[PDB]
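Q: sequence, then the experimental structure. Questions to follow.
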Amino acid sequence: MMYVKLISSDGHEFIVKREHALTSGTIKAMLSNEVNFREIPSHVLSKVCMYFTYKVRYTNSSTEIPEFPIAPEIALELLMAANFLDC
Amino acid sequence: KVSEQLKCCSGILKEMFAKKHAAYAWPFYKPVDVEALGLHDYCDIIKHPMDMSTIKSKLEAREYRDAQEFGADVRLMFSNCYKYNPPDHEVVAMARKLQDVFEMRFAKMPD
Amino acid sequence: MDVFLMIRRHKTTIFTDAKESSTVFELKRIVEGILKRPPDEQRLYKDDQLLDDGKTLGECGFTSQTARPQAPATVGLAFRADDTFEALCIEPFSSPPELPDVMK
Amino acid sequence: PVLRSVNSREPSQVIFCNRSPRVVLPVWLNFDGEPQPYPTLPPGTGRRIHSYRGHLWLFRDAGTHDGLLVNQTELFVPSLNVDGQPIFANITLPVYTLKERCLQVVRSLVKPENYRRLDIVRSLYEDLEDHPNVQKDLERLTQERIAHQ
């Protein structure tokens, strides 16, 4: 599959599949190859990628779906990140 | 003498199960599922439960001494339904409808 | 079942899925396809433990139960330079702020 | 009203099975269409249910009133039993959006009155305060049902 590089504010490169990234409507618009984010930190953006994996996998899944975990501390930043990325 | 009637008793229950009297006999087919219906109080009130499926088994297992004992269980079935529910309840209305059929046949049994 | 991984070197991180049946060498082919680096110039680790090319990901310890989509298991990576392998180095992510009073 | 149970008085044995981590709240739409909440189901549990033919159901989280799925759909309607076999209702989580899932966590850790004490964008205050409502979701499905005709 086509891969895309998602860079955090603190300079952490995250190589995910293009299909997985298109879950985000913001990224969908940004492309139509390499994408950069000035605000989002590493630990937040890493968790966003884990959602893409989780979303792509368990969508249209007859296998019962587990709860997507979000620790109390990251919740606030991840909420804003999710709102920004539109997903 | 008695075996003649016990076979007629089976004939009655077959009509009670039959599609003819389906509309108002369907609650009394199988035992009262306390879990499904959510009746925590039922077991306290009704000491001796009964249903048509239970009676059917007893007929086939030759557990009724005579046709008189068969009636007691059929009556116990309705008795329990009347005991538990209020007068204006739907299951009671159906209980009466089915009972009035049974009573008609049980009365007109040969001997 | 499938295992979900985070292949990390320095500040790089590859999110990619694999099988328990698949091998470490087959995993290095994924790294080659992305980072242009051939398997002979790769060293894949599990925590501190170095992994063999012949052994499977299931044999290495990566189970589908432990390594899930939402919680993928990390896989260390170290390249070769001047015909000598670097020691495994993974920069950690940034720290979340301490839990506010309202969230306590 | 559109979405409502039919007073059929025709039996339909059902099995609710909470295959989700939430404490499920079974909700039954009455003959007028008003939802009636039934006793909850713990996580990873189930039990037999005596519903009737053409009876609408929907399942939520007892705590947060988050929407759940039953047989990969929102509304559940029992058929008639075939050879008196029970109609199964597999209650599970949906694939929540990262935003709505983030809200659920913030909602659970922060009281309603502390929503405007959080260092976030103005718009997110409305989103948090906009809790998941049953009546609001029924109004959507009703309009979607009309659009389908």
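A: Perfect, I can see it now. Numbers count the residues shown, from 1 in each chain, chains lettered A, B, ... in the order given.

Q: show me the residue at the heart of chain C, geometrically.
A: For chain C, the residue lying nearest the average C-alpha position, counting by Cα atoms, centre = their mean, turns out to be residue C:75 (1.9 Å).

Q: list the contacts for the closest residue to that one other than its chain neighbours?
A: Nearest non-adjacent residue to residue C:75, counting by Cβ to Cβ, 6 or more residues apart in numbering or on different chains: residue C:7, 4.7 Å away. For the C-beta atoms, the positions are set from N, CA and C on the backbone; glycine is no exception. For residue C:7, the contact set (Cβ atoms under 8 Å, 6 or more residues apart in numbering or on different chains) comprises C:13, C:14, C:16, C:27, C:30, C:31, C:44, C:75, C:77.

Q: which residue does chain B have closest to chain D?
A: Chain B approaches chain D most closely through residue B:36 (3.9 Å), counting by Cβ to the nearest Cβ.

Q: burial measure for that residue, as a count.
A: By other Cβ atoms under 10 Å in any protein chain shown, 17 other residues sit near residue B:36.

Q: now swap in the one 10 residues further on and tell me
A: Burial measure for residue B:46: 18 neighbouring residues, criterion other Cβ under 10 Å.

Q: helix or strand: which one has the residue nearest to the centre of chain C?
A: strand C:73-79 (DSSP states H and E).

Q: sheet partners, orientation included, of that strand?
A: Paired strands of strand C:73-79, with direction, are strand C:2-9 (parallel), strand C:42-46 (antiparallel) (DSSP bridges).

Q: just the buried positions in it, please.
A: C:73, C:75, C:76, C:77, C:78 (16 or more other Cβ atoms under 10 Å in any protein chain shown).

Q: ok, now which ones touch the fourth one?
A: Contact criterion Cβ under 8 Å, 6+ apart gives C:7, C:8, C:9, C:12, C:31, C:42, C:43, C:44, C:45, C:88 as the residues in contact with residue C:77.

Q: quick check, nearest of those residues to residue A:8?
A: residue C:12 (11.7 Å; Cβ to Cβ).

Q: chain center to the lengthiest helix in chain C: distance?
A: Under DSSP state H, the helix in chain C containing the largest number of residues is helix C:24-35. How far helix C:24-35 lies from its chain's middle: 11 Å, per Cα atoms, centre = their mean, to the nearest Å.

Q: next, the buried residues of that helix.
A: Neighbour-count burial for helix C:24-35 [16+ other Cβ under 10 Å]: C:24, C:27, C:28, C:30, C:31, C:35.

Q: repeat that for stretch C:46-59.
A: C:46, C:51, C:56, C:57, C:58.

Q: ok, residues contacting that stretch?
A: With Cβ under 8 Å, 6+ apart, stretch C:46-59 has contacts from C:3, C:5, C:18-25, C:27-28, C:39, C:43-45, C:60-62, C:75-76, C:88.

Q: give me that answer again for 6 Å
A: C:3, C:18, C:20, C:22, C:23, C:24, C:25, C:44, C:60, C:61 (Cβ atoms under 6 Å, 6 or more residues apart in numbering or on different chains).

Q: ok, the last one to chain A distance?
A: This points to residue C:61. Going from residue C:61 to chain A by Cβ to the nearest Cβ, to the nearest Å gives 20 Å.

Q: helix, strand or coil for the residue lying closest to residue D:68 once chain neighbours are set aside?
A: Nearest non-adjacent residue to residue D:68, counting by Cβ to Cβ, 6+ apart: residue D:59, 4.6 Å away. Secondary structure state of residue D:59, per DSSP: H, G, I helix; E, B strand; the rest coil, is strand.

Q: ranges for the helices of chain B?
A: Under DSSP H, chain B gives helices at B:2-17, B:34-37, B:42-45, B:52-60, B:67-84, B:90-107.

Q: now, of the ones you listed, which is deepest in the fold?
A: Greatest average neighbour count among the helices of chain B goes to helix B:67-84 (a mean of 17), per mean count of other Cβ atoms under 10 Å in any protein chain shown.

Q: what's that one packed up against?
A: helix B:2-17, helix B:90-107 (3 or more Cβ pairs under 6 Å, 6 or more residues apart in numbering or on different chains; DSSP states H and E).

Q: mind redoing it with 8 Å?
A: Applying 3 or more Cβ pairs under 8 Å, 6 or more residues apart in numbering or on different chains; DSSP states H and E, we find helix B:67-84 packed against helix B:2-17, helix B:42-45, helix B:52-60, helix B:90-107.

Q: can you check which helix is longest in the chain?
A: Answering for chain A, as no chain was given. Per DSSP H, chain A has its longest helix at helix A:42-58.

Q: meant chain D actually
A: Chain D, longest helix under DSSP H: helix D:134-148.

Q: compute the inter-axis angle for it and strand D:57-61.
A: Put simply, helix D:134-148 runs at 140 degrees to strand D:57-61, going by axes from the mean of the first three to the mean of the last three Cα atoms, to 10 degrees.

Q: contact partners of helix D:134-148?
A: Against helix D:134-148 from outside (Cβ under 8 Å, 6+ apart): D:2, D:3, D:27, D:29, D:33, D:35, D:58, D:60, D:65, D:67, D:74, D:75.
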